[PDB]
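A single chain, nothing else alongside it, follows as structure tokens in the form deposited in one PDB entry.
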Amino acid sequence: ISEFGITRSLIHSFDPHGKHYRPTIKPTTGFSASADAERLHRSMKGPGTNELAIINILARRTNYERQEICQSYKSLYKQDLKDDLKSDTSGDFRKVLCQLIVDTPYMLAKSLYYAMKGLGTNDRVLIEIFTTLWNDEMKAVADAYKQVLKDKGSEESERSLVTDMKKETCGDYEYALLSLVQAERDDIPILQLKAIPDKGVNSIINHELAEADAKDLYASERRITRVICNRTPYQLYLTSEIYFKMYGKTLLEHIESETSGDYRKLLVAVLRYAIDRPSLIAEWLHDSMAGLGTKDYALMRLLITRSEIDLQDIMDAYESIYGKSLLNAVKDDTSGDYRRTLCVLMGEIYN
């Protein structure tokens, strides 16, 4: 099973105008957990390893499918897939595989953990991860966090994700983070979400609310935090439009001149997640590759997660923004089976 369910929340699956985002990985038809499990086990037989075999499976499956496979191979072999892969591979390739065979929420929880363990605080990572989680997902990550602490020899009974953040963070930025982590953003019931393709988004937004919020903001303090962080992407988009109609300045522009530092970065990320997502995440990717190695984790984490949501859309944005395919940028920044893996997540298959 997966603490994230068969899919990521549907709330991530539609652009502002209600159109479906395009992923690079969809649920497999005929998906056989056992079949893939057997195929993986086979591929580790012998003194060496069939990297490509392994890649063509794991990087062509969803988190849920991957998890089913883990669960399958664990009973079909009384062995631990995570362990068997770790001992059959190494270097950058092993890293990516570990990121891949871990249930998404635990994956994120670990990176949150490393973002805060250490001197200083990797705000960029907190902003990047938290921006992309909705209430239920946020809760599963917080649970998984507790497990990471246990997993890393923490005898501290009461230590929690919020515990770590509070100590780690302060000011407007802290408040805004805690809000997201509090997991109390406006919800849209699964039924309403599912019906978006049919009834549109007019169905799940509110012009009265959007107007009030716009007027509220222009008068700008938890006011901006409340609107930007709580409103659904769909609600936020509408609020953005109304705000420009009413004031002739965009909500983005407004947020930028009115806020500073990490607080600003967070707000802008949350807003853009709603109204300019493809470009937002494209830039994040670009930034994970800027200079050298190494923001390897951000790169893996983004490709792995976004692949089952909107990676294709992000890819198109990337090429149109930077003049080069995401594929090529990735190819130029990485190598080995690690590179191959990233390419397959993007949809490029080999052998």
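The term rigid core refers to the most C-alpha atoms you can superpose between the two forms while keeping them within 1.5 Å. The numbering used is simple: start at 1 and walk along the sequence shown. Shifts are known only where both forms have a C-alpha.
The modelled chain breaks after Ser220 and resumes at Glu221, leaving 4 to 9 residues of the deposited sequence without coordinates.
When the two stretches 300-308 and 50-58 are set side by side, the higher mean Cα temperature factor goes to 50-58. Stretches 2-10 and 340-348 differ in mean C-alpha B factor, with the higher average recorded for 2-10. Per the deposited coordinates, the residue with the largest Cα temperature factor out of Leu285, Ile314, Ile321, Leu40 is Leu40.
For the set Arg94, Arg159, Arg272, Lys110, the PDB entry assigns the largest Cα B-factor to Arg159.
In the PDB entry, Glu258 places in the middle third of its chain by CA B-factor. Sorting the modelled residues of the chain by their CA temperature factor places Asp198 in the highest third.
In the deposited entry, the Cα temperature factor of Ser154 sits in the top third of values across the chain's modelled residues. Sorting the modelled residues of the chain by their CA temperature factor places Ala214 in the highest third. Split the chain's modelled residues into thirds by C-alpha temperature factor. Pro105 is in the lowest one.
The same protein also exists as the form deposited in another entry; that form is not shown, yet it is the one meant from here on.
Residue showing a CA shift of 2 Å or more between this form and the one not shown (rigid core superposed; candidates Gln99, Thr89, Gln235, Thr169): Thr169.
With the core held fixed between this form and the one not shown, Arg301 has its Cα displaced by under 2 Å. Fitting the two forms on the rigid core leaves the C-alpha of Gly323 displaced by under 2 angstroms between this form and the one not shown.
The pair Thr169 and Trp134 is at least 3 angstroms farther apart at the CA level in the other entry than in the present model. The pair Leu285 and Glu168 is looser in the other entry: their Cα-Cα distance rises by no less than 3 Å compared with this form. Taking the core as fixed, the parts between this form and the one not shown where three or more residues in a row have CA shifts of 2 Å or more are 166-170, 290-296.
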